[PDB]
>>> print(open('coords31.cif').read())   # mmCIF, C-alpha atoms
data_protein
loop_
_atom_site.label_atom_id
_atom_site.label_comp_id
_atom_site.auth_asym_id
_atom_site.auth_seq_id
_atom_site.Cartn_x
_atom_site.Cartn_y
_atom_site.Cartn_z
CA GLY L 38 -16.54 -12.30 24.14
CA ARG L 39 -19.43 -9.94 23.37
CA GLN L 40 -20.16 -8.56 19.92
CA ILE L 41 -18.93 -5.14 18.79
CA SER L 42 -19.40 -3.00 15.68
CA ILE L 43 -16.41 -1.86 13.61
CA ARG L 44 -16.47 0.86 10.95
CA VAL L 45 -14.36 -0.16 7.94
CA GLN L 46 -13.47 2.23 5.12
CA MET L 47 -13.17 0.88 1.58
CA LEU L 48 -10.85 1.92 -1.24
CA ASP L 49 -13.77 3.67 -3.00
CA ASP L 50 -14.06 6.25 -0.17
CA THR L 51 -17.16 4.49 1.21
CA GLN L 52 -17.63 3.03 4.68
CA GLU L 53 -19.48 0.08 6.17
CA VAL L 54 -20.09 -1.20 9.70
CA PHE L 55 -19.60 -4.88 10.57
CA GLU L 56 -20.38 -6.84 13.73
CA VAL L 57 -17.88 -9.39 15.05
CA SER L 58 -17.29 -11.04 18.41
CA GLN L 59 -14.62 -9.37 20.53
CA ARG L 60 -12.72 -12.62 21.17
CA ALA L 61 -12.92 -13.57 17.49
CA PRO L 62 -9.72 -13.57 15.42
CA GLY L 63 -9.04 -10.71 13.04
CA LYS L 64 -9.57 -13.16 10.18
CA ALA L 65 -13.27 -13.25 11.09
CA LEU L 66 -13.68 -9.52 10.48
CA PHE L 67 -11.39 -9.70 7.44
CA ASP L 68 -13.62 -12.42 5.96
CA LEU L 69 -16.75 -10.28 6.38
CA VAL L 70 -15.15 -7.35 4.58
CA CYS L 71 -14.02 -9.61 1.73
CA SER L 72 -17.41 -11.29 1.30
CA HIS L 73 -19.08 -7.87 1.50
CA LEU L 74 -16.81 -6.84 -1.37
CA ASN L 75 -17.15 -10.31 -2.96
CA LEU L 76 -13.35 -10.30 -2.93
CA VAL L 77 -12.16 -13.70 -4.14
CA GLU L 78 -8.44 -12.82 -4.06
CA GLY L 79 -8.36 -11.23 -0.61
CA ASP L 80 -4.94 -12.68 0.26
CA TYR L 81 -3.32 -9.49 -1.08
CA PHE L 82 -5.18 -7.22 1.35
CA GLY L 83 -5.37 -6.33 5.02
CA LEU L 84 -6.96 -4.02 7.56
CA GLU L 85 -4.84 -1.21 9.00
CA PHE L 86 -5.50 1.52 11.56
CA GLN L 87 -3.68 3.84 13.95
CA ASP L 88 -3.15 2.61 17.50
CA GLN L 89 -2.90 4.63 20.73
CA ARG L 90 0.71 5.44 19.77
CA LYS L 91 -0.70 7.12 16.63
CA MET L 92 1.34 4.80 14.39
CA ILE L 93 -0.40 2.90 11.59
CA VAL L 94 -0.48 -0.83 12.42
CA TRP L 95 -1.95 -3.83 10.63
CA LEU L 96 -4.73 -5.85 12.21
CA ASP L 97 -3.40 -9.23 13.28
CA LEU L 98 -5.74 -11.72 11.62
CA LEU L 99 -4.62 -14.44 14.04
CA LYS L 100 -4.84 -12.55 17.34
CA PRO L 101 -8.17 -11.67 19.01
CA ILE L 102 -9.93 -8.45 18.08
CA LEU L 103 -10.30 -7.03 21.61
CA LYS L 104 -6.56 -7.46 22.20
CA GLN L 105 -5.62 -5.01 19.42
CA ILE L 106 -8.74 -2.81 19.59
CA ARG L 107 -9.17 -0.08 22.20
CA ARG L 108 -12.31 2.01 21.51
CA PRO L 109 -14.24 0.53 18.56
CA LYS L 110 -16.57 3.55 18.67
CA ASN L 111 -13.80 5.95 17.59
CA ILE L 112 -11.41 3.88 15.47
CA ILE L 113 -11.86 3.51 11.71
CA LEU L 114 -10.13 0.61 10.01
CA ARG L 115 -9.33 0.92 6.31
CA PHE L 116 -9.26 -1.97 3.84
CA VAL L 117 -5.96 -1.62 1.93
CA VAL L 118 -3.56 -3.69 -0.14
CA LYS L 119 -1.00 -5.44 2.08
CA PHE L 120 1.14 -7.38 -0.43
CA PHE L 121 1.96 -6.05 -3.90
CA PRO L 122 2.81 -9.00 -6.19
CA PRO L 123 5.28 -8.66 -9.08
CA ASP L 124 3.05 -10.11 -11.81
CA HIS L 125 -0.09 -8.12 -12.63
CA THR L 126 -1.72 -9.81 -15.63
CA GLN L 127 -2.36 -12.93 -13.53
CA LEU L 128 -4.78 -11.21 -11.12
CA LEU L 129 -7.75 -13.32 -12.21
CA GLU L 130 -10.53 -11.23 -10.66
CA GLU L 131 -11.16 -8.03 -12.61
CA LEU L 132 -12.43 -6.68 -9.28
CA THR L 133 -9.10 -7.52 -7.63
CA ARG L 134 -7.35 -5.43 -10.29
CA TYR L 135 -9.91 -2.67 -9.74
CA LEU L 136 -9.11 -2.44 -6.02
CA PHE L 137 -5.41 -2.28 -6.90
CA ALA L 138 -6.06 0.56 -9.34
CA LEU L 139 -7.92 2.39 -6.58
CA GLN L 140 -4.95 1.68 -4.30
CA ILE L 141 -2.55 3.26 -6.79
CA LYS L 142 -5.01 6.15 -7.12
CA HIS L 143 -4.73 6.76 -3.37
CA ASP L 144 -0.94 6.43 -3.13
CA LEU L 145 -0.60 8.81 -6.08
CA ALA L 146 -2.46 11.55 -4.20
CA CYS L 147 -0.91 10.94 -0.77
CA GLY L 148 2.61 11.15 -2.15
CA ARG L 149 3.36 7.53 -1.21
CA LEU L 150 3.87 7.00 -4.97
CA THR L 151 6.05 9.46 -6.89
CA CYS L 152 7.73 8.96 -10.26
CA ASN L 153 8.87 10.68 -13.45
CA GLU L 154 6.67 13.45 -14.84
CA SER L 155 5.73 11.64 -18.06
CA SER L 156 5.04 8.46 -16.09
CA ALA L 157 2.88 10.39 -13.61
CA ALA L 158 0.93 12.02 -16.45
CA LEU L 159 0.32 8.68 -18.16
CA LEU L 160 -0.80 7.13 -14.86
CA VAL L 161 -3.31 9.94 -14.31
CA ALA L 162 -4.50 9.83 -17.92
CA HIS L 163 -5.52 6.22 -17.36
CA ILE L 164 -7.30 7.13 -14.12
CA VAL L 165 -9.10 9.88 -16.03
CA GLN L 166 -9.92 7.45 -18.84
CA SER L 167 -11.40 4.95 -16.40
CA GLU L 168 -13.63 7.60 -14.80
CA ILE L 169 -14.97 9.94 -17.52
CA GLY L 170 -14.42 7.81 -20.64
CA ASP L 171 -13.03 8.98 -23.97
CA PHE L 172 -11.16 12.27 -24.36
CA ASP L 173 -13.05 15.54 -24.74
CA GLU L 174 -11.24 18.89 -24.73
CA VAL L 175 -14.06 20.57 -22.79
CA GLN L 176 -14.88 17.80 -20.31
CA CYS L 177 -11.30 16.64 -19.68
CA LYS L 178 -9.59 19.95 -18.90
CA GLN L 179 -12.53 20.78 -16.63
CA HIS L 180 -12.29 17.38 -14.91
CA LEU L 181 -8.59 17.89 -14.13
CA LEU L 182 -9.35 21.19 -12.37
CA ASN L 183 -12.12 19.64 -10.26
CA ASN L 184 -10.09 16.54 -9.35
CA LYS L 185 -6.44 16.54 -8.26
CA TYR L 186 -4.88 13.10 -8.72
CA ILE L 187 -1.23 14.08 -8.07
CA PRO L 188 0.26 17.00 -6.13
CA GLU L 189 1.51 19.79 -8.39
CA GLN L 190 -0.80 18.49 -11.12
CA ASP L 191 -1.37 21.90 -12.73
CA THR L 192 2.20 21.97 -14.08
CA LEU L 193 1.66 18.44 -15.46
CA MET L 194 -1.74 19.14 -17.02
CA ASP L 195 -0.64 19.46 -20.66
CA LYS L 196 1.05 16.04 -20.69
CA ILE L 197 -2.04 14.34 -19.24
CA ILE L 198 -4.15 15.81 -22.06
CA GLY L 199 -1.81 14.32 -24.65
CA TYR L 200 -1.93 10.82 -23.17
CA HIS L 201 -5.71 10.98 -22.77
CA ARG L 202 -6.21 11.57 -26.50
CA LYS L 203 -4.55 8.17 -26.98
CA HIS L 204 -6.61 6.14 -24.49
CA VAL L 205 -9.76 6.62 -26.60
CA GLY L 206 -12.09 3.63 -26.59
CA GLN L 207 -10.60 1.96 -23.51
CA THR L 208 -13.04 0.64 -20.93
CA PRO L 209 -12.48 1.32 -17.21
CA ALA L 210 -11.47 -2.32 -16.75
CA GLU L 211 -8.97 -1.90 -19.58
CA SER L 212 -7.68 1.26 -17.87
CA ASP L 213 -7.09 -0.40 -14.49
CA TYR L 214 -4.98 -3.00 -16.30
CA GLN L 215 -2.94 -0.26 -17.97
CA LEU L 216 -2.59 1.44 -14.59
CA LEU L 217 -1.10 -1.70 -13.04
CA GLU L 218 1.19 -2.44 -15.99
CA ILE L 219 2.62 1.07 -15.91
CA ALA L 220 2.69 1.41 -12.11
CA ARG L 221 4.24 -2.01 -11.37
CA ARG L 222 7.54 -0.94 -12.98
CA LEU L 223 7.83 2.15 -10.77
CA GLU L 224 10.62 2.37 -8.21
CA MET L 225 8.15 3.39 -5.47
CA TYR L 226 5.44 0.86 -6.43
CA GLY L 227 3.93 -0.79 -3.37
CA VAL L 228 6.64 0.85 -1.22
CA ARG L 229 5.74 1.91 2.33
CA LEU L 230 8.78 3.54 3.95
CA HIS L 231 10.13 3.05 7.47
CA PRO L 232 12.66 5.77 8.38
CA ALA L 233 16.04 4.64 9.69
CA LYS L 234 19.68 5.69 9.94
CA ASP L 235 22.82 3.72 9.11
CA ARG L 236 25.94 3.62 11.28
CA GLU L 237 27.11 6.56 9.14
CA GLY L 238 24.25 8.53 10.71
CA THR L 239 22.66 8.95 7.28
CA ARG L 240 18.89 9.48 7.20
CA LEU L 241 17.46 6.79 4.91
CA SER L 242 14.43 4.49 4.75
CA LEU L 243 13.84 0.74 4.72
CA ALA L 244 11.07 -1.20 3.00
CA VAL L 245 10.12 -4.72 1.95
CA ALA L 246 8.87 -6.16 -1.34
CA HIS L 247 8.30 -9.49 -3.07
CA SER L 248 12.00 -9.57 -3.99
CA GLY L 249 13.31 -8.79 -0.49
CA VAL L 250 14.33 -5.82 1.66
CA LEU L 251 14.81 -2.34 0.20
CA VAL L 252 16.87 0.71 1.20
CA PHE L 253 15.85 4.20 0.08
CA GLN L 254 17.37 7.67 0.27
CA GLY L 255 14.47 10.06 0.11
CA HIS L 256 12.58 8.20 -2.62
CA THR L 257 15.48 6.65 -4.56
CA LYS L 258 16.24 2.97 -4.07
CA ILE L 259 19.79 2.33 -2.85
CA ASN L 260 20.20 -1.39 -2.16
CA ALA L 261 18.14 -4.54 -2.69
CA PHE L 262 18.69 -7.66 -0.57
CA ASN L 263 16.86 -10.54 -2.23
CA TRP L 264 15.52 -13.35 -0.06
CA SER L 265 18.13 -15.64 -1.62
CA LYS L 266 20.84 -13.41 -0.12
CA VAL L 267 19.21 -12.76 3.29
CA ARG L 268 20.23 -15.23 5.99
CA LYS L 269 18.28 -13.95 9.01
CA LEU L 270 16.27 -10.85 9.98
CA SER L 271 16.60 -9.68 13.58
CA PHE L 272 16.09 -6.57 15.69
CA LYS L 273 17.27 -5.40 19.12
CA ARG L 274 15.47 -2.51 20.84
CA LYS L 275 15.91 0.28 18.27
CA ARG L 276 18.38 -1.33 15.87
CA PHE L 277 17.63 -3.48 12.82
CA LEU L 278 19.89 -6.36 11.79
CA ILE L 279 20.14 -7.93 8.33
CA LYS L 280 22.40 -10.99 8.05
CA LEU L 281 23.68 -11.73 4.55
CA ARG L 282 25.11 -14.87 2.95
CA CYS L 290 28.22 -14.12 4.65
CA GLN L 291 29.20 -10.48 4.13
CA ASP L 292 28.40 -8.77 7.45
CA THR L 293 25.45 -7.74 9.63
CA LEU L 294 24.26 -4.27 8.65
CA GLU L 295 22.84 -2.29 11.59
CA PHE L 296 20.09 0.32 11.26
CA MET L 297 18.80 2.65 13.97
CA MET L 298 15.02 3.16 13.85
CA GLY L 299 12.54 5.36 15.65
CA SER L 300 11.24 3.16 18.46
CA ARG L 301 11.22 -0.39 19.76
CA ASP L 302 7.78 -0.70 18.14
CA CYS L 303 9.02 0.53 14.75
CA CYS L 304 11.48 -2.37 14.63
CA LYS L 305 8.72 -4.80 15.64
CA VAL L 306 6.39 -3.45 12.93
CA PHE L 307 8.98 -3.63 10.15
CA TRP L 308 10.18 -7.02 11.40
CA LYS L 309 6.66 -8.47 11.15
CA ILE L 310 5.98 -7.25 7.61
CA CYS L 311 9.40 -8.54 6.53
CA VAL L 312 8.61 -12.06 7.75
CA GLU L 313 5.05 -11.85 6.43
CA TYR L 314 6.30 -10.71 3.02
CA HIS L 315 8.81 -13.55 2.69
CA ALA L 316 6.30 -16.08 4.02
CA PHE L 317 3.84 -14.87 1.37
CA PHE L 318 6.28 -15.38 -1.53
CA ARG L 319 8.33 -18.30 -0.14
#
>>> encode(input="coords31.cif", output="structure tokens")
Amino acid sequence: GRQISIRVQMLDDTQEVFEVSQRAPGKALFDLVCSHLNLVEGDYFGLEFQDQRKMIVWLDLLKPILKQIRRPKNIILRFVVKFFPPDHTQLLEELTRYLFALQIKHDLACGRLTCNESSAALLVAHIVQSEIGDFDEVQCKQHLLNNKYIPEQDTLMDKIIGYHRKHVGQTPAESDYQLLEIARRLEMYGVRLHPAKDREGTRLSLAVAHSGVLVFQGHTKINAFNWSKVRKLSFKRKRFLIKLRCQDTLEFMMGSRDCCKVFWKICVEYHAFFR
């Protein structure tokens, strides 16, 4: 039950080091990171890391820390959004919105968030507005060459300039709000994909949202199974099972027995968070 030190990385590319008991629940560490950030609406967030199997796993806030930690000297947890709500104007804390805008900033660069060209330009133009202020032909075009917010940004540079000339006078807090309003309508918003194959042997991807379970081909949404139309979620070894209310039980082959367990957990945790 001794104390250990854990290095947590924040959404602003900074890192801190906290000290928690080994036998303490994950919630204890999660509380320290929230109070360090003065995060009042921390319910939307979580701590994720890569395990020994090199797959990114959430930190169980109910289980002990030493159960899910291996070498706290080498592992870096990262504070990330865990649940993306549908309504965005209700996020009371301006800081809470700010961490979300940072989150979208990250997903935009990783490729976890893709969208239409004009949408992507507008989303960047708000990020630029929040960071360097009002438009300036000299400063802006320079700033887009020193900072790459989306892959293949150079081809999209002219459109970002146009949108930036419109955001004049908007504060960074006003820009984060515009980020969320424009990002929350995106097909890939808050979407973290789990690869799978149907009985047809078709390479697809499954995900979960506030509305329910999602099915993607590449990055295009295929089906949506709302919680109202989802009877039971199950998994056997390397096959996922979705029972509907009753059509049939759609089977999905996934990568490993752990992949099913991971997706199964976040499906229950998503429904339990919105119902």
>>> residues_around(input="coords31.cif", residues="residue L:113", least_positions_apart="2", cutoff="9 Å", atoms="only C-alpha atoms", output="MDAnalysis selection string")
chainID L and resid 43:46 85:87 109:111 115
>>> resolve_selection(input="coords31.cif", expression="the PyMOL selection byres ((chain L and resi 141-158) around 9)", output="PyMOL selection string")
chain L and resi 48+136-140+159-164+185-188+190+193-200+216-217+219-220+223-230+256
>>> residues_around(input="coords31.cif", residues="stretch 297-304 of chain L", least_positions_apart="6", cutoff="6 Å", atoms="all atoms listed in the file", output="list in words")
residues 233, 234, 274, 275 and 276 of chain L
>>> closest_residue(input="coords31.cif", among="L:278, L:243, L:65, L:98", to="residue L:261", atoms="all atoms listed in the file")
L:243
>>> resolve_selection(input="coords31.cif", expression="the PyMOL selection byres ((chain L and resi 293) around 12)", output="ChimeraX atom specification")
/L:235-236,267-272,276-282,290-292,294-296
>>> resolve_selection(input="coords31.cif", expression="the PyMOL selection byres ((chain L and resi 58) around 8)", output="number ranges by chain")
L: 38-41, 56-57, 59-61, 102
>>> atom_distance(input="coords31.cif", atom1="atom CA of residue L:170", atom2="atom CA of residue L:213")
12.6 Å
>>> closest_residue(input="coords31.cif", among="L:169, L:69, L:310, L:246", to="residue L:212", atoms="all atoms listed in the file")
L:169
>>> axis_aligned_box(input="coords31.cif", around="stretch 171-181 of chain L", padding_each_side="4 Å", output="AutoDock Vina command-line options")
--center_x -11.7 --center_y 14.9 --center_z -19.4 --size_x 14.3 --size_y 19.8 --size_z 18.6
>>> atom_distance(input="coords31.cif", atom1="atom CA of residue L:95", atom2="atom CA of residue L:117")
9.8 Å
>>> residues_around(input="coords31.cif", residues="stretch 128-132 of chain L", least_positions_apart="4", cutoff="10 Å", atoms="all atoms listed in the file", output="PyMOL selection string")
chain L and resi 74-78+122+124+136-138+210-211+213-214
>>> atom_distance(input="coords31.cif", atom1="atom CA of residue L:180", atom2="atom CA of residue L:53")
28.2 Å
>>> closest_residue(input="coords31.cif", among="L:68, L:63, L:82, L:123", to="residue L:99", atoms="only C-alpha atoms")
L:63
>>> residues_near_point(input="coords31.cif", point="(11.5, -6.1, 1.5)", cutoff="12 Å", atoms="all atoms listed in the file", output="count of residues only")
42
>>> closest_residue(input="coords31.cif", among="L:72, L:165, L:133, L:92", to="residue L:204", atoms="all atoms listed in the file")
L:165
>>> decode(input="coords31.cif", residues="stretch 190-223 of chain L", atoms="N, CA, C and O atoms", output="short mmCIF file (atom, residue, chain, number, x, y, z; two decimals), in the first residue's frame")
data_model
loop_
_atom_site.label_atom_id
_atom_site.label_comp_id
_atom_site.auth_asym_id
_atom_site.auth_seq_id
_atom_site.Cartn_x
_atom_site.Cartn_y
_atom_site.Cartn_z
N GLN L 190 -2.48 20.41 -44.50
CA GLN L 190 -3.00 21.74 -44.24
C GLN L 190 -2.63 22.73 -45.33
O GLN L 190 -3.39 23.66 -45.61
N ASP L 191 -1.46 22.54 -45.97
CA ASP L 191 -0.99 23.49 -46.97
C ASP L 191 -2.01 23.67 -48.09
O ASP L 191 -2.25 24.80 -48.55
N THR L 192 -2.63 22.58 -48.54
CA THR L 192 -3.65 22.68 -49.57
C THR L 192 -4.90 23.40 -49.08
O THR L 192 -5.65 23.95 -49.90
N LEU L 193 -5.13 23.43 -47.77
CA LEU L 193 -6.31 24.04 -47.19
C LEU L 193 -6.02 25.43 -46.62
O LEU L 193 -6.85 25.98 -45.89
N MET L 194 -4.87 26.01 -46.95
CA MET L 194 -4.42 27.22 -46.27
C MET L 194 -5.24 28.44 -46.69
O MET L 194 -5.52 29.32 -45.86
N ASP L 195 -5.63 28.51 -47.97
CA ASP L 195 -6.37 29.68 -48.44
C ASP L 195 -7.74 29.79 -47.77
O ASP L 195 -8.17 30.90 -47.42
N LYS L 196 -8.42 28.67 -47.58
CA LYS L 196 -9.74 28.70 -46.94
C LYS L 196 -9.65 29.15 -45.49
O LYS L 196 -10.53 29.87 -45.00
N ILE L 197 -8.60 28.72 -44.78
CA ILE L 197 -8.44 29.13 -43.38
C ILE L 197 -8.26 30.64 -43.29
O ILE L 197 -8.78 31.28 -42.37
N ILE L 198 -7.51 31.22 -44.23
CA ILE L 198 -7.32 32.67 -44.23
C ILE L 198 -8.66 33.38 -44.35
O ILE L 198 -8.93 34.36 -43.65
N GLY L 199 -9.52 32.90 -45.25
CA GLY L 199 -10.82 33.54 -45.43
C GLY L 199 -11.64 33.53 -44.15
O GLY L 199 -12.17 34.56 -43.74
N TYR L 200 -11.75 32.37 -43.51
CA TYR L 200 -12.53 32.27 -42.28
C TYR L 200 -11.92 33.11 -41.16
O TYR L 200 -12.65 33.65 -40.32
N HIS L 201 -10.59 33.23 -41.13
CA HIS L 201 -9.97 33.99 -40.05
C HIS L 201 -10.30 35.48 -40.15
O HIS L 201 -10.46 36.14 -39.11
N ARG L 202 -10.42 36.01 -41.36
CA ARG L 202 -10.80 37.41 -41.52
C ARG L 202 -12.19 37.70 -40.95
O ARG L 202 -12.53 38.87 -40.75
N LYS L 203 -12.98 36.66 -40.71
CA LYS L 203 -14.33 36.83 -40.17
C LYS L 203 -14.37 36.73 -38.66
O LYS L 203 -15.25 37.34 -38.03
N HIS L 204 -13.45 35.99 -38.05
CA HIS L 204 -13.44 35.81 -36.60
C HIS L 204 -12.89 37.01 -35.85
O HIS L 204 -12.62 36.89 -34.65
N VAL L 205 -12.71 38.16 -36.51
CA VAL L 205 -12.08 39.31 -35.87
C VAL L 205 -12.86 39.71 -34.62
O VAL L 205 -14.09 39.72 -34.61
N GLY L 206 -12.12 40.02 -33.56
CA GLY L 206 -12.71 40.49 -32.33
C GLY L 206 -13.20 39.42 -31.39
O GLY L 206 -13.75 39.75 -30.32
N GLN L 207 -13.02 38.14 -31.73
CA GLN L 207 -13.48 37.06 -30.88
C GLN L 207 -12.40 36.69 -29.87
O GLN L 207 -11.24 36.49 -30.24
N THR L 208 -12.78 36.59 -28.60
CA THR L 208 -11.85 36.19 -27.57
C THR L 208 -11.55 34.70 -27.68
O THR L 208 -12.29 33.96 -28.34
N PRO L 209 -10.46 34.23 -27.07
CA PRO L 209 -10.19 32.78 -27.07
C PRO L 209 -11.32 31.96 -26.47
O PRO L 209 -11.63 30.88 -26.98
N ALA L 210 -11.95 32.46 -25.40
CA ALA L 210 -13.10 31.76 -24.83
C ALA L 210 -14.25 31.70 -25.82
O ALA L 210 -14.94 30.67 -25.93
N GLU L 211 -14.48 32.79 -26.56
CA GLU L 211 -15.49 32.78 -27.61
C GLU L 211 -15.11 31.85 -28.75
O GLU L 211 -16.01 31.34 -29.44
N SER L 212 -13.82 31.61 -28.98
CA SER L 212 -13.41 30.72 -30.06
C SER L 212 -13.59 29.26 -29.68
O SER L 212 -14.02 28.45 -30.51
N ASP L 213 -13.27 28.90 -28.43
CA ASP L 213 -13.50 27.53 -27.98
C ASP L 213 -14.96 27.15 -28.12
O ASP L 213 -15.29 26.03 -28.52
N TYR L 214 -15.86 28.08 -27.78
CA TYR L 214 -17.29 27.83 -27.95
C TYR L 214 -17.62 27.57 -29.42
O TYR L 214 -18.34 26.62 -29.74
N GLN L 215 -17.10 28.40 -30.32
CA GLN L 215 -17.34 28.19 -31.74
C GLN L 215 -16.74 26.87 -32.21
O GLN L 215 -17.32 26.19 -33.06
N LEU L 216 -15.57 26.51 -31.67
CA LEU L 216 -14.99 25.20 -31.98
C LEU L 216 -15.98 24.09 -31.66
O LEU L 216 -16.27 23.24 -32.51
N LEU L 217 -16.50 24.09 -30.43
CA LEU L 217 -17.40 23.02 -30.00
C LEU L 217 -18.67 23.00 -30.83
O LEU L 217 -19.13 21.94 -31.25
N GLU L 218 -19.26 24.17 -31.08
CA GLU L 218 -20.50 24.23 -31.85
C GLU L 218 -20.31 23.67 -33.25
O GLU L 218 -21.19 22.99 -33.78
N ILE L 219 -19.16 23.93 -33.86
CA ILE L 219 -18.94 23.46 -35.22
C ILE L 219 -18.44 22.02 -35.22
O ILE L 219 -18.75 21.25 -36.14
N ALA L 220 -17.69 21.62 -34.19
CA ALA L 220 -17.18 20.25 -34.15
C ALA L 220 -18.24 19.25 -33.71
O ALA L 220 -18.21 18.10 -34.16
N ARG L 221 -19.18 19.65 -32.85
CA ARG L 221 -20.14 18.70 -32.29
C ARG L 221 -21.11 18.15 -33.33
O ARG L 221 -21.79 17.16 -33.06
N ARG L 222 -21.21 18.78 -34.50
CA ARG L 222 -22.07 18.28 -35.57
C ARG L 222 -21.33 17.34 -36.51
O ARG L 222 -21.96 16.79 -37.42
N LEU L 223 -20.03 17.13 -36.30
CA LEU L 223 -19.22 16.34 -37.21
C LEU L 223 -19.44 14.85 -37.00
O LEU L 223 -19.59 14.38 -35.87
#
